[PDB]
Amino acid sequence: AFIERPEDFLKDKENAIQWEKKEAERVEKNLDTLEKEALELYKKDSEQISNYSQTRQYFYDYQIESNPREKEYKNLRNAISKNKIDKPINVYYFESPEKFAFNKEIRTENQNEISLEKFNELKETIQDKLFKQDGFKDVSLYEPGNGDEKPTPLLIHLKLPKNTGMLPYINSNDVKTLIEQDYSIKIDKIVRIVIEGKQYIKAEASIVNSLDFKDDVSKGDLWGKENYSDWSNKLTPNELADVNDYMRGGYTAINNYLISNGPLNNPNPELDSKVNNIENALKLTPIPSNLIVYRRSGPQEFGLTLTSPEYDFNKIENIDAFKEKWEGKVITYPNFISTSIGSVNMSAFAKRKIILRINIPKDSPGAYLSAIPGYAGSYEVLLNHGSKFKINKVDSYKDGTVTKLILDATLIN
């Protein structure tokens, strides 16, 4: 081995393991008793602890706060985020293709080959998409090889940048590596390889970071006020007037005008002027960082109503039908559209079942409206009329007895 580790151990399993063993031993010196306790519990209950780490943020603020699982989540997350790599490292792990919205088998486990057919279907499915990742995950510093465990046909080869938190540790005979996913994945390239007599897809993947405040709405509100206080004071009197009219409930008229294509077949100069001013307000201080926002959608956005049989997502067939209709598709909103920096459920939309989780590229049109005094309880980011979103992936989760959907989407204009 060299004195300095490589960015990628590749197939050098023996050095990867030894290095990470020394690393586990060094990090033991920086974990307090509670963090060590958190790790032990994770070793014993990893699946449920990871599961909690993926969907904890979607409940009421007070439900999150009083869940005793928060202690484990917080203490383990702190153990990880502390131990930051000082240059990039590549990691390896197997995923279900379903995770990247390929809802069928690439090949069965008893087959050894992957058809060009499947290969091309997978490529078209995972091309040109940013897939959101959450929660705790065990990864390998070396590529799985002959006699390694390989649960699926999809191997992810992920590059992680400098300052990524990684927790090297030992679980009985094995040296492991824990991360908490907090980014989106781009699959730059897929290739078919062979390991121990079977074909696997290897995905060359990298990450895109975004600000995601999740349930930390105070941190998100500080960020918003930080960045949009003078936007609040830089609007023309016309723009401020029209924004406040919009926010005060003028939105319903303005947005229905837009959705009905009023500008074409029923023009109205008064409304057109307001639409223009609001748009110009949203271009005044473009979204200053990649940002995740959340919207609790009415079913009508997805062609459903409250009493639509297909809105019963407690039945898996209805989830499948939703995915077949929407997953991988791009949708457009002729209206201006409200989102929040927070993921928490709220009284006003406590029962809405469809959550949009949207990646907003830096410099997109948009504004943290809640930087205007009067109604900041929304933690609102208003997006521009005519926005287009690519739906990357549909997940589901339980909110009590009710199955709800999370739509991993990206703003593409």
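Heads up: residue numbers just count along the shown sequence, starting at 1.
As the entry records it, the average C-alpha temperature factor is higher for 274-282, out of 153-161 and 274-282. Higher mean CA temperature factor, per the PDB entry, when comparing 224-232 with 167-175: 224-232. Taking the deposited Cα B-factors for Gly135, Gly250, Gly303, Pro88, the highest one is held by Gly250.
Looking only at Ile201, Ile292, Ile319, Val243, the residue with the top Cα B factor in the deposited structure is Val243. Ranked within its chain, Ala101 lands in the middle third, by CA B factor from the PDB record.
Ranked within its chain, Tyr379 lands in the highest third, by CA B factor from the PDB record. Split the chain's modelled residues into thirds by C-alpha temperature factor. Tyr257 is in the highest one. In this PDB entry, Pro269 carries a Cα temperature factor that places it within the highest third of its chain's modelled residues.
Among the modelled residues of the chain, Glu310 sits in the middle third by CA temperature factor in this PDB entry.
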